[PDB]
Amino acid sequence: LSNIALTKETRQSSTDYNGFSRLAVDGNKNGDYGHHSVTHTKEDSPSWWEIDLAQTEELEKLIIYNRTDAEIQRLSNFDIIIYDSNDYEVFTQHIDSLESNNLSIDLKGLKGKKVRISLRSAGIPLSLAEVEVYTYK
């Protein structure tokens, strides 16, 4: 397995507090906001974040690392949406809440090019410490 998320092109609904979208693919899973490795949107309707894998890949695993210092509850009631190279949805999963600072999803070789994480409660900022996307097997 290799983490092909690293340094892929990212974007998000908006940015607050220097929480750039790229911070979720910098290879640093520290969720303490002041360690400067956690994304942050404004209070959007909805807040979302997206990664472009640059071409279609066989996806083995997705790992999402939450913020940990404060407001950890914000990463809850959300959707993970995977799209093909033509921007059509190929997979959706709804998440009620995280119990630990992270969630792992096996994708069993699902082919996709883009991954969006989008909150279903409007007004809530999205903050991610790290989103890792594994291919290989």
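Start at 1 with the first residue shown and count on from there.
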Original post:
Which wins on mean Cα temperature factor, 32 to 40 or 98 to 106?
Top reply: 98 to 106
**OP:** Mind pulling up the entry and telling me whether 126 to 134 or 4 to 12 has the higher mean Cα temperature factor?
**Re:** 4 to 12
Original post:
Which third, lowest, middle or highest, does the CA B-factor of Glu71 fall in along this chain?
Top reply: highest
**OP:** Would you mind checking where the Cα B-factor of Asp79 ranks among the modelled residues of its chain, as the lowest, middle or highest third?
**Re:** middle
**OP:** Please rank the C-alpha B-factors of the chain's modelled residues and tell me whether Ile51 sits in the lowest, middle or highest third.
**Re:** lowest
Original post:
If you rank the chain by CA B-factor, which third does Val90 end up in: lowest, middle or highest?
Top reply: highest
